[PDB]
Amino acid sequence: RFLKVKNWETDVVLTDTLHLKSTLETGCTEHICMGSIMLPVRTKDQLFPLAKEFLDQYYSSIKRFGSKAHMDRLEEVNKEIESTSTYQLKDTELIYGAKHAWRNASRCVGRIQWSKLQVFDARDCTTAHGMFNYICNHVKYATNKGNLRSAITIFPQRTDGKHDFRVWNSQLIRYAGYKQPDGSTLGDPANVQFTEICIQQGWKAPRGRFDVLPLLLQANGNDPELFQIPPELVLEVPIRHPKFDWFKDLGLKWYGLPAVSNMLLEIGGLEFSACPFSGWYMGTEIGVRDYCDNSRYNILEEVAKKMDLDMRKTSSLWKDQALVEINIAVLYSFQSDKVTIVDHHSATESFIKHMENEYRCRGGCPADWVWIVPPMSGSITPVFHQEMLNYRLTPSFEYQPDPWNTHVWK
Amino acid sequence: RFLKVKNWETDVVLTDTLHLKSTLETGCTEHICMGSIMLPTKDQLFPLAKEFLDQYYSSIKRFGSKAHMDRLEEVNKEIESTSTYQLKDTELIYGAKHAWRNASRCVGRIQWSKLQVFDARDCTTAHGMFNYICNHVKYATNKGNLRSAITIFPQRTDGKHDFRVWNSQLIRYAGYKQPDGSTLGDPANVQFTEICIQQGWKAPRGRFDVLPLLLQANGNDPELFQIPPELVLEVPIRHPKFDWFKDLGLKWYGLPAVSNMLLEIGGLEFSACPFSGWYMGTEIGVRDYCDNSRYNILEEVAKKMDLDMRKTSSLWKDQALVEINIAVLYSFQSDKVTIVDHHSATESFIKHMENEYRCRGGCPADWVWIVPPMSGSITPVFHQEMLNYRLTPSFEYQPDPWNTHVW
Ligand code: HEM
Ligand code: HEM
Ligand SMILES: C[C@H](O)[C@H](O)[C@H]1CNc2nc(N)[nH]c(=O)c2N1
Ligand SMILES: C[C@H](O)[C@H](O)[C@H]1CNc2nc(N)[nH]c(=O)c2N1
Ligand SMILES: CCCCNC(=N)NO
Ligand SMILES: CCCCNC(=N)NO
Ligand SMILES: [Zn+2]
């Protein structure tokens, strides 16, 4: 069954056959759509078919499907599974898998860049200190003095579920948050709970508005351990406005490396619970969400005041006005400091070309509209007008529960 | 079975059970979400009639009463004999209100119970429809103090005697593709604007010409009618700061009135049921004015604001967008014409969702349509999880008549 997707701004119609290979569930049914819902140890029994599916995709991608190399590998893996209950991926398969989990990430608007991904094989790591070293090298390589390079570091896969490797931080770089006795919060409200764990674990918090949190690393299922990322390795950008000279006095800055560290990478049925990855920011992640979400730095008012906007009634659109300036500032500061960043128009225009390319050469591109459309100026970006089909393909990146809610402390 | 919905800005969680009464499909499957797709017999009839009457009586606290049972049998017998039936005025009103209540893509449903219903089921001709429509327009406009309303024409019979309002909305501007290759007026209406032209209309070939109604009664060919200008309230768009704004020569009509949908109540289909509420500012300022396929006025407005349109990263399109929308709301409020900004409207919707969850056990909502076209995450609906499902009575999409009509 072929599915048609239309762009109501250009009438370009596309056909999707790719979804026919989808296997996982979406959370929706023929009676209800869960499209805006944020979150809707394997057995030998279930593992081999997952491995086969993967190795077939892999061997077909290199044009060796049916080859002896392909057949042998299938027998090798199969034997290994029956022999050990699991199996190890060749380096080539790991790189391929990692790149494809990104290619399949329907919530990611930056996928045009999917084939350019530096993969760091950290499967030989055994300790938290070991993890710390691998992560510092990832941060340095990735930051590349402001000229960002996409990368991912992959730690040992899950075995019995009692020896998981995990990066407790949700992102490698984020600012601490502190709940004050008067109910106010200093720093980033999103990280208050994690910040409490770090402090409890021994972190000496400077209790400021932009303190970089310490890495909290768990190796082989052991209790996690704290590590400070060398400051010289954390690239930061002071935020200022090209016209509003008072903007800088707002005392704002943000880090340049966005590195998701709490997701699970699944390849051939194998689970990589610690797989920190990074690209570069789209301006609105910082300017719209991090700075203006009511539950984050919530800076709209203050910026609103300084601009002396009519804040008496919402219909003045004072919030919308301050929002644009804040985002103008973030983009301005990053470009001035020569730190890679992409605006929402560029990013979405690019995703549109990527998507079209993918329908033609791949037969589709799963995409989650709800996440793809930028948090500001939605309809003046091309993705707003683009019908998208969302389905799950593997390899893929999945959510997993927070470690503090599952870990058995030793 | 009991689904939960979370608001990520406020941590509030609501439990949904209303979906368990859903009956129609969504377009999605366990393997694919089509949440962003724009358009995903006597025996058939009685069951629909029963589901409806059941909920109607339940709403009036007379569920399983004799009246309930009596009516169920009357309609029952009526279908067996007439292959259809007629709703009691009370049922018609209840149904229309609930079709609105069930409109998952409508953000202004907090207003759902206040709906003026005009029963035009006795209409028989295009002139009759024109009279009913002018009356609707006038009543709803109320000199600027808009009142929500719907006018319901005769239900479908054998499909060869359907009533239809060929316009997509009661009041729209015409569009004509010029020699230049460009488009004059509303690009969206070029096809309709032509069907009028070709049907007989004499276009003033302007940029904001109110289109003529094209009514179809009982299946006959449609006829043209020009709405009395004094009945079409318009608003000249000026900025509360940019005196030059006015020179753009922009204006918009005050009455938003969808006329191409189908109202389904207890199995019956009303193919001509124009309805209207009042505008949320972004509909005009963001979509009508700034869509590249509409009046596409960003550049012009950006130029007059003297912004660097060299690089997209200066966010000139964004800046202008904000001014344009500040103007729209400004004017409307200046001319005392009802309008609502996306902040106020979305805030209302959240409040309505909370009422619906605690009083009805849920509220179907299509996030893709509920979140405003600009400033998405600064409105509360952006952070609100929404479950979408189809309940009846409802408003459904239907084929444009000119692709089904046999002249
Ligand atoms: C090259 C630069 C890239 C850009 C500009 C880009 C941009 C984005 C943005 C704007 C989001 C939404 C983030 C949010 O709202 O929290 C996103 C999500 C995502 N990206 Fe990308 N991305 C890039 C690279 C990457 C890389 C390298 C990977 C994978 C190897 C990746 C995988 C994902 C995933 C899995 C999500 C959704 C995360 C979640 O569910 O929380 N992205 N991306
Ligand atoms: C009184 C204030 C009301 C407000 C502010 C409001 C606002 C909205 C908005 C912003 C949309 C999206 C329109 C678009 O983007 O095309 C919408 C759609 C819709 N509304 Fe409401 N509405 C109101 C009244 C009504 C009434 C009276 C009805 C019907 C009884 C209604 C039924 C619907 C339906 C079915 C849709 C979706 C139409 C489509 O799919 O094209 N609305 N409304
Ligand atoms: C493709 C996508 O479904 C389409 O652009 C939708 C998105 N959300 C919308 N939301 C509203 N209110 N109105 C629309 O016309 C749309 N268009
Ligand atoms: C409830 C709703 O799904 C939620 O607020 C989503 C919407 N779209 C999003 N899109 C992106 N890119 N990031 C987010 O965190 C969200 N949050
Ligand atoms: C770190 C924020 C979420 C993912 N965003 C991103 N731009 N990845 O590279
Ligand atoms: C007629 C435009 C779409 C519906 N909008 C509206 N505000 N209804 O009342
Ligand atoms: Zn869905």
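Each value, and the rule that gives it
- Residues numbered from 1 in each chain as written, not as in the entry; some residues may be left out.
- Chains lettered and ligands numbered in written order.
- Heavy atoms only, no water.
- Buried < 20%, exposed > 50% of the residue type's maximum accessible area, 1.4 Å probe, protein only.
- Helix = DSSP H or I, 4+ residues; strand = E, 2+ residues; numbered from the N terminus.
- Pairing = 2+ DSSP bridges.
- Right-handed = clockwise from strand over helix to strand, strands pointing away.
- Near = heavy atom within 4 Å.
- Polar contact = N/O pair within 3.5 Å; in protein donor to acceptor, adjacent residues only side chain to side chain.
- Nonpolar A, V, L, I, M, F, W, Y, C, P; charged D, E, K, R; others polar.
- Donors = N, O, S within 2.8 Å, 3.2 Å for Na, K, Ca; no water.
- Tetrahedral: all angles 85-135°; square planar, octahedral: opposite > 155°, others 65-115°.
- Contact = heavy atoms within 4.5 Å.
- Axes fitted to C-alpha atoms, helices over the stretch in contact; angles between N-to-C directions.
- Areas by Shrake-Rupley, 256 points an atom, 1.4 Å probe, with all protein chains shown as cover.

Engineer: Hey, could you run me through the pairing of strand β8 (residues 213-216) of chain B in this one?
Structural biologist: Within a regular strand, the side chains alternate between the two sheet faces. All names here are of chain B. The two faces of β8 match: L213 and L215 on one face and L214 and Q216 on the other face are all buried. Two elements, strand β5 (residues 164-165) and β8, share two bridges in a ladder whose sense is antiparallel. Bridge assignment links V165 to a residue of β8, and that residue is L215. Pairing geometry for β8 and strand β9 (residues 223-225), over three bridges, is antiparallel. By the bridge assignment for β9, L214 is matched with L224. In textbook terms, the turn of a hairpin is the stretch between consecutive antiparallel strands, and for β8 and β9 this stretch comprises six residues, one of which, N218, has a positive phi near 55°.

Engineer: Is there a simple way to explain the pairing of strand β3 (residues 116-119) of chain B in this structure?
Structural biologist: All names here are of chain B. Looking at chain direction, β3 and strand β4 (residues 149-152) are connected through four bridges and run parallel. Directly across from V117, in β4, lies its bridge partner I150. Following the backbone out of β3, through helix α4 (residues 126-141) and into the adjacent parallel β4, one traces a crossover that is right-handed.

Engineer: What should I look at first to understand the site of ligand 1 in this one?
Structural biologist: Residue and element names in this part refer to chain A. In the vicinity of ligand 1, 16 residues are found, and the nearest of them are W102, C108, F277, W280 and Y399. Residue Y399 places a side-chain N or O atom 2.4 Å away from an oxygen atom belonging to ligand 1. The residue makeup of the shell around ligand 1, split by class, is 10 nonpolar, four polar and two charged.

Engineer: Any chance you could explain the coordination of the zinc ion (ligand 7) here in plain terms?
Structural biologist: Octahedral six-donor coordination of a metal ideally yields angles of 90 or 180 degrees, compared with 109.5 degrees for tetrahedral four-donor coordination. Listed as protein donors to the zinc ion (ligand 7) are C28(A) (SG), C33(A) (SG), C28(B) (SG) and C33(B) (SG); their distances from the metal cover 2.3 to 2.4 Å. Metal-centred angles of 97 to 125° between the four donor atoms at the zinc ion (ligand 7) mark the site as tetrahedral. Summarising the burial analysis for this pair, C28(B) and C33(B) share the class buried.

Engineer: How should I be thinking about helix α5 (residues 192-200) of chain A in this particular structure?
Structural biologist: All names here are of chain A. Restricting attention to buried positions, one finds in α5 the residues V192, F194, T195, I197 and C198. Here the buried face of α5 lies against β6 (177-179), β7 (185-187), β8 (215-218) and β9 (225-227). Note on α5: the residue one or two positions beyond its end, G202, has a positive phi of about 115°.

Engineer: How should I be thinking about the sheet that holds strand β14 (residues 268-270) of chain B in this particular structure?
Structural biologist: Note on sheets: strands pair through backbone hydrogen bonds, and any given pair is parallel or antiparallel. Residues and elements named next belong to chain B. Spatially, β14-β13-β16 is the arrangement adopted by the three strands of the open sheet, whose pairing is antiparallel. Looking at the sheet topology across the chains shown, the edges are occupied by β14 and β16 (394-396). Averaged over neighbouring strand pairs, the angle between their axes works out to 30° when direction is ignored. The pairing of strand β13 (residues 262-265) with β14 spans three bridges and is classified as antiparallel. Opposite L263, over in β14, you have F270 as the bridge partner.

Engineer: What should I look at first to understand the sheet that holds β9(A) in this one?
Structural biologist: Residues and elements named next belong to chain A. Spatially, three strands are ordered β5-β8-β9 in an open sheet, and the strand pairing comes out antiparallel. Across the chains shown, the open sheet's two edge strands, defined by having one partner strand only, are β5 (166-167) and β9. With three bridges connecting them, β8 and β9 associate as antiparallel partners. Across the sheet, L216 pairs through a bridge with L226, a residue of β9.

Engineer: Explanation requested: the site of ligand 4 in the structure shown.
Structural biologist: Inspection of the region around ligand 4 gives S36(A), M38(A), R289(A), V370(A), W371(A), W367(B), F382(B), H383(B), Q384(B) and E385(B) as its neighbouring residues. The environment around ligand 4 is built from residues contributed by chains A and B. Interatomic distance of 3.2 Å between a backbone N/O atom of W371(A) and a nitrogen atom of ligand 4. About the coverage of ligand 4: the protein hides 86% of its 400 Å² of free accessible area. Classifying every residue of the shell around ligand 4 by side-chain character gives five nonpolar, three polar and two charged.

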